[PDB]
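*Asks:* Supplied in structure tokens, the structure appears directly below.
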Amino acid sequence: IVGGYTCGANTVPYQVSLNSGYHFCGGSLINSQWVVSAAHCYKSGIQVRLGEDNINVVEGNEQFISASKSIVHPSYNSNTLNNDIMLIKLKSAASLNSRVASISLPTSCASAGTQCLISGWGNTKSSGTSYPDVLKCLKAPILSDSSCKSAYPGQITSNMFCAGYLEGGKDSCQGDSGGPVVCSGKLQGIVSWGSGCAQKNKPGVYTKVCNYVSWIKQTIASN
Ligand SMILES: [Ca+2]
Ligand SMILES: [Mg+2]
């Protein structure tokens with residue numbers, strides 16, 4: 001996350017870190033047995049780490065549970081990143097408490113202008129590499145589809161929305177992929193892609209979760 005702030009330990013209780021010997025993506029807990037992340041974060045051998053703040057220090061509120069199965073969207077396209085969403089089932093149900101909580105799925109899509117909270121352990125430099133150990137947060141508004149499409153001509157589908165600052169300076173970055181974009185108490189986006197990080201006129205692009213609620217509900221109830 002570039003131009004963000006330190007969230008504070010466990011203030012984003014639904015934030016998950018996907019680990020395959022090291023943190024490689026973020027995710028969101030939707031209920032005790034399931035996590036949603038980005039399909040491009042797919043890997044075999046994932047351990048889900050809940051209740052984290054510093055990912056290099058066991059501070060006492062973590063739960064490390066292995067994934068029993070992963071389901072990438074039936075229409076995910078790795079070339080355009082369209083339908084960039086995946087579901088991960090935990091081998092054991094997590095114990096929800098103050099530090100580990102699930103996030104609600106949206107009943108409707110959010111409007112441009114709505115402020116959201118984006119979080120993750122990704123790079124914090126637009127030009128450079130600095131990986132933080134504690135969770136960083138960023139408040140950013142959803143941008144109009146028109147400013148999103150002018151930034152990325154012929155690359156935005158109805159399953160994506162842009163959030164950020166066209167002036168640049170604040171944005172999600174690598175290591176933040178798969179993490180949450182929460183607006184008004186609902187999970188509305190998933191950190192998907194962008195052009196560099198925090199560049200001018202290059203906002204981040206997010207998977208638009210409101211278009212996948214029936215698929216999520218159906219899939220988790222049948223697995
Ligand atoms: Ca830790
Ligand atoms: Mg993240």
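By order in the structure tokens, chains are A, B, ...; within a chain, residues start at 1; ligands start at 1, following the order shown.
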Counting only C-alpha atoms and all ligand atoms, name the residues that have an atom within 7 Å of an atom of ligand 2; the answer should be given as a PyMOL selection string.
*Replies:* chain A and resi 25-27+119-122+175-180+191
*Asks:* Write out as a list in words each polymer residue (protein, DNA or RNA) that has an atom no more than 10 Å from ligand 1, with only C-alpha atoms and all ligand atoms counted.
*Replies:*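 Taking only C-alpha atoms and all ligand atoms into account, the residues around ligand 1 at most 10 Å away are residues 9, 49, 50, 51, 52, 53, 54, 55, 56, 57, 58, 59, 60, 61, 62, 63, 133 and 134 of chain A.
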*Asks:* Which residue gives the smallest distance to residue 21 in chain A among A:193, A:212, A:131, A:64, with only C-alpha atoms counted?
*Replies:*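 Under the stated criterion, the closest residue is A:64.
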*Asks:* With only C-alpha atoms as the basis for distance, which of A:187, A:65, A:220, A:143 is at the shortest distance from residue 203 in chain A?
*Replies:*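 Using only C-alpha atoms, residue 203 in chain A sits closest to A:143.
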*Asks:* Pick the closest to residue 47 in chain A from A:10, A:199, A:19, A:32: which is it, counting only C-alpha atoms?
*Replies:*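 Answer, going by the shortest atom-to-atom distance: A:19.
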*Asks:* List as a PyMOL selection string the protein and nucleic acid residues near residue 20 in chain A, meaning an atom at most 10 Å away when only C-alpha atoms are counted, but skip any in the same chain fewer than 3 places from it.
*Replies:* chain A and resi 17+23-25+43-48+66
*Asks:* Using only C-alpha atoms, I'd like a table of the residues in range 71-148 of chain A that come within 12 Å of range 164-172 of chain A; for each, show the closest atom pair and its distance in Å rounded to one decimal, ordered by chain and ascending number, as CSV.
*Replies:*
residue,atom,partner,partner_atom,distance
A:112,CA,A:164,CA,10.9
A:113,CA,A:164,CA,10.2
A:114,CA,A:164,CA,10.9
A:115,CA,A:164,CA,9.4
A:116,CA,A:164,CA,9.4
A:117,CA,A:164,CA,10.5
A:118,CA,A:172,CA,7.4
A:119,CA,A:172,CA,7.9
A:120,CA,A:172,CA,7.9
A:121,CA,A:172,CA,9.6
A:122,CA,A:172,CA,7.4
A:123,CA,A:172,CA,8.2
A:124,CA,A:172,CA,8.5
A:125,CA,A:169,CA,9.4
A:126,CA,A:169,CA,7.7
A:127,CA,A:169,CA,10.7
A:136,CA,A:172,CA,9.8
A:137,CA,A:172,CA,9.2
A:138,CA,A:170,CA,7.5
A:139,CA,A:164,CA,8.4
A:140,CA,A:164,CA,5.0
A:141,CA,A:164,CA,5.8
A:142,CA,A:164,CA,6.6
A:143,CA,A:164,CA,6.8
A:144,CA,A:164,CA,10.5
A:147,CA,A:166,CA,8.5
A:148,CA,A:166,CA,9.3
*Asks:* Which one is closest to residue 69 in chain A: A:189, A:156, A:31, A:223? Count only C-alpha atoms.
*Replies:*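 Counting only C-alpha atoms, the residue closest to residue 69 in chain A is A:223.
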*Asks:* Find the residues around residue 204 in chain A up to 6 Å (only C-alpha atoms counted), leave out those fewer than 3 positions away in its own chain, and share them as an NGL selection string.
*Replies:* :A and (162-163 or 194)
*Asks:* Range 138-191 of chain A: which residues are alpha helix (DSSP H) by DSSP, as a ChimeraX atom specification?
*Replies:* /A:145-151
*Asks:* Selection from above, N, CA, C and O atoms, as a CSV table (one decimal), in the first residue's frame, can you write it?
*Replies:*
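Wrote it out as selection01.csv, contents follow:
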chain,number,residue,atom,x,y,z
A,145,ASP,N,-16.6,5.1,-13.7
A,145,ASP,CA,-16.2,4.1,-14.7
A,145,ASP,C,-15.5,4.9,-15.9
A,145,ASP,O,-14.6,4.4,-16.5
A,146,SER,N,-16.0,6.1,-16.2
A,146,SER,CA,-15.4,6.9,-17.3
A,146,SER,C,-13.9,7.2,-17.0
A,146,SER,O,-13.1,7.0,-17.9
A,147,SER,N,-13.6,7.6,-15.8
A,147,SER,CA,-12.1,8.0,-15.6
A,147,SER,C,-11.3,6.7,-15.5
A,147,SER,O,-10.2,6.7,-15.8
A,148,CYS,N,-12.0,5.6,-15.1
A,148,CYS,CA,-11.3,4.2,-15.0
A,148,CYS,C,-11.0,3.8,-16.5
A,148,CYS,O,-9.9,3.4,-16.8
A,149,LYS,N,-12.0,3.8,-17.3
A,149,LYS,CA,-11.8,3.4,-18.8
A,149,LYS,C,-10.9,4.3,-19.5
A,149,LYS,O,-10.2,3.8,-20.4
A,150,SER,N,-10.8,5.6,-19.3
A,150,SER,CA,-9.9,6.5,-20.0
A,150,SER,C,-8.4,6.1,-19.6
A,150,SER,O,-7.5,6.3,-20.4
A,151,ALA,N,-8.3,5.7,-18.4
A,151,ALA,CA,-6.9,5.3,-17.9
A,151,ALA,C,-6.5,4.0,-18.6
A,151,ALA,O,-5.3,3.8,-19.0
*Asks:* Write out as a PyMOL selection string the residues lying within 10 Å of range 103-111 of chain A, counting only C-alpha atoms and excluding same-chain residues fewer than 6 positions away.
*Replies:* chain A and resi 12-15+28-31+35+141-144+180+182-189+208-213+216-217
*Asks:* Just give me the gap between CA of residue 215 in chain A and CA of residue 100 in chain A in Å, one decimal is fine.
*Replies:*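 Distance between the two atoms: 24.4 Å.
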*Asks:* Record the distance separating CA of residue 192 in chain A and CA of residue 207 in chain A, expressed in Å with one decimal.
*Replies:* 6.1 Å
*Asks:* Measuring between only C-alpha atoms, which one of A:174, A:92, A:130, A:77 shows the shortest distance to residue 197 in chain A?
*Replies:*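 The answer is A:174, which sits nearest to residue 197 in chain A.
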*Asks:* I'd like to know which residues of range 10-123 of chain A are strand (DSSP E or B) (by DSSP, run on the backbone); could you write them as number ranges by chain?
*Replies:* A: 15-19, 23-31, 34-37, 47-50, 63-72, 77, 82, 86-90, 104, 115-120
*Asks:* Using N, CA and C atoms, can you export the residues from the last selection as a CSV table (one decimal), in the first residue's frame?
*Replies:*
chain,number,residue,atom,x,y,z
A,15,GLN,N,-9.1,-9.4,7.6
A,15,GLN,CA,-8.0,-9.4,6.7
A,15,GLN,C,-7.2,-10.7,7.0
A,16,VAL,N,-6.9,-11.4,5.8
A,16,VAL,CA,-6.1,-12.6,5.9
A,16,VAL,C,-4.8,-12.5,5.1
A,17,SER,N,-3.8,-13.3,5.3
A,17,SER,CA,-2.5,-13.2,4.7
A,17,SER,C,-2.5,-14.7,4.1
A,18,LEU,N,-2.2,-14.9,2.9
A,18,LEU,CA,-2.1,-16.2,2.3
A,18,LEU,C,-0.5,-16.5,2.3
A,19,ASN,N,-0.2,-17.6,2.8
A,19,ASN,CA,1.3,-17.9,3.0
A,19,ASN,C,1.7,-19.2,2.4
A,23,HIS,N,4.5,-14.7,2.9
A,23,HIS,CA,3.2,-14.0,2.5
A,23,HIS,C,3.3,-13.7,1.0
A,24,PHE,N,2.3,-14.1,0.2
A,24,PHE,CA,2.3,-13.8,-1.2
A,24,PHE,C,1.0,-13.0,-1.6
A,25,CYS,N,-0.1,-13.1,-0.8
A,25,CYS,CA,-1.3,-12.4,-1.2
A,25,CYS,C,-2.2,-12.2,0.1
A,26,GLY,N,-3.2,-11.4,-0.1
A,26,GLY,CA,-4.1,-11.1,1.0
A,26,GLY,C,-5.4,-11.8,0.6
A,27,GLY,N,-6.4,-11.6,1.5
A,27,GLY,CA,-7.7,-12.3,1.3
A,27,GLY,C,-8.6,-11.7,2.3
A,28,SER,N,-9.9,-12.1,2.3
A,28,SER,CA,-10.9,-11.7,3.2
A,28,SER,C,-11.7,-12.9,3.8
A,29,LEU,N,-12.0,-12.9,5.1
A,29,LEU,CA,-12.7,-14.0,5.7
A,29,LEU,C,-14.3,-13.7,5.5
A,30,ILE,N,-15.0,-14.5,4.8
A,30,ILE,CA,-16.5,-14.3,4.6
A,30,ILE,C,-17.3,-15.0,5.7
A,31,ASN,N,-16.7,-16.1,6.3
A,31,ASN,CA,-17.5,-16.8,7.3
A,31,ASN,C,-16.4,-17.8,7.9
A,34,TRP,N,-14.7,-20.1,5.1
A,34,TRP,CA,-14.3,-19.6,3.7
A,34,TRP,C,-13.6,-18.2,3.7
A,35,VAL,N,-12.7,-18.1,2.7
A,35,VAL,CA,-11.9,-16.9,2.4
A,35,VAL,C,-12.1,-16.6,0.8
A,36,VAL,N,-12.1,-15.3,0.5
A,36,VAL,CA,-12.2,-14.9,-1.0
A,36,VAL,C,-10.9,-14.1,-1.2
A,37,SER,N,-10.3,-14.4,-2.3
A,37,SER,CA,-9.1,-13.7,-2.7
A,37,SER,C,-9.1,-13.5,-4.2
A,47,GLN,N,-1.6,-21.7,3.2
A,47,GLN,CA,-1.9,-21.8,4.6
A,47,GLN,C,-2.5,-20.3,4.8
A,48,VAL,N,-3.6,-20.3,5.4
A,48,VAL,CA,-4.3,-19.0,5.7
A,48,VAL,C,-3.9,-18.6,7.1
A,49,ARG,N,-3.5,-17.3,7.2
A,49,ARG,CA,-3.1,-16.8,8.4
A,49,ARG,C,-4.1,-15.6,8.8
A,50,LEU,N,-4.8,-15.9,9.8
A,50,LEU,CA,-5.8,-15.0,10.4
A,50,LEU,C,-5.3,-14.3,11.7
A,63,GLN,N,-4.1,-17.4,13.9
A,63,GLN,CA,-4.7,-18.7,13.7
A,63,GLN,C,-4.1,-19.0,12.3
A,64,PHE,N,-3.4,-20.1,12.2
A,64,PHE,CA,-2.8,-20.5,10.9
A,64,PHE,C,-3.6,-21.8,10.6
A,65,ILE,N,-4.3,-21.8,9.5
A,65,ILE,CA,-5.2,-22.9,9.1
A,65,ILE,C,-4.8,-23.2,7.6
A,66,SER,N,-4.7,-24.5,7.2
A,66,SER,CA,-4.4,-24.8,5.8
A,66,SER,C,-5.7,-24.8,5.1
A,67,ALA,N,-5.5,-24.6,3.8
A,67,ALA,CA,-6.7,-24.6,2.8
A,67,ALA,C,-7.0,-26.1,2.5
A,68,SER,N,-8.2,-26.5,2.4
A,68,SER,CA,-8.6,-27.9,2.0
A,68,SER,C,-8.9,-27.9,0.5
A,69,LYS,N,-9.4,-26.7,0.0
A,69,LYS,CA,-9.7,-26.6,-1.4
A,69,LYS,C,-9.7,-25.1,-1.9
A,70,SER,N,-9.4,-25.0,-3.1
A,70,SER,CA,-9.4,-23.6,-3.8
A,70,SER,C,-10.3,-23.8,-5.0
A,71,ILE,N,-11.1,-22.8,-5.3
A,71,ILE,CA,-12.0,-22.7,-6.5
A,71,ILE,C,-11.8,-21.4,-7.2
A,72,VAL,N,-11.2,-21.4,-8.3
A,72,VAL,CA,-10.9,-20.2,-9.1
A,72,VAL,C,-12.2,-20.0,-9.9
A,77,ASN,N,-9.8,-15.3,-16.6
A,77,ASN,CA,-9.0,-15.1,-17.8
A,77,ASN,C,-7.7,-14.6,-17.3
A,82,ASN,N,-9.9,-10.7,-16.1
A,82,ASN,CA,-11.3,-10.6,-16.0
A,82,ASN,C,-11.8,-11.8,-15.1
A,86,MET,N,-11.4,-15.9,-6.4
A,86,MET,CA,-11.3,-17.3,-6.1
A,86,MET,C,-11.7,-17.5,-4.6
A,87,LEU,N,-12.2,-18.7,-4.3
A,87,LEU,CA,-12.7,-19.0,-2.9
A,87,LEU,C,-11.7,-20.1,-2.4
A,88,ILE,N,-11.4,-20.0,-1.1
A,88,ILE,CA,-10.5,-20.9,-0.4
A,88,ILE,C,-11.3,-21.5,0.8
A,89,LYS,N,-11.3,-22.8,0.9
A,89,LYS,CA,-12.0,-23.4,2.1
A,89,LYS,C,-10.9,-23.7,3.0
A,90,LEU,N,-11.2,-23.5,4.3
A,90,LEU,CA,-10.2,-23.8,5.4
A,90,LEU,C,-10.5,-25.3,5.8
A,104,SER,N,-19.1,-8.9,5.6
A,104,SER,CA,-20.4,-9.2,4.8
A,104,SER,C,-20.3,-8.9,3.4
A,115,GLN,N,-16.4,6.1,-0.3
A,115,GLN,CA,-15.0,5.9,0.3
A,115,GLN,C,-14.9,4.5,0.8
A,116,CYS,N,-13.8,4.0,0.5
A,116,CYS,CA,-13.5,2.6,0.9
A,116,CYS,C,-12.2,2.5,1.7
A,117,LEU,N,-12.1,1.3,2.3
A,117,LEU,CA,-10.8,1.0,3.1
A,117,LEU,C,-10.2,-0.1,2.4
A,118,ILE,N,-8.9,0.1,2.0
A,118,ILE,CA,-8.1,-0.9,1.3
A,118,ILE,C,-6.9,-1.3,2.3
A,119,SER,N,-6.6,-2.5,2.4
A,119,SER,CA,-5.5,-2.9,3.3
A,119,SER,C,-4.6,-4.0,2.8
A,120,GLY,N,-3.4,-4.1,3.4
A,120,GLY,CA,-2.5,-5.1,2.9
A,120,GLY,C,-1.0,-4.9,3.4
*Asks:* Record the distance separating CA of residue 202 in chain A and CA of residue 152 in chain A, expressed in Å with one decimal.
*Replies:*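 A separation of 8.0 Å between them.
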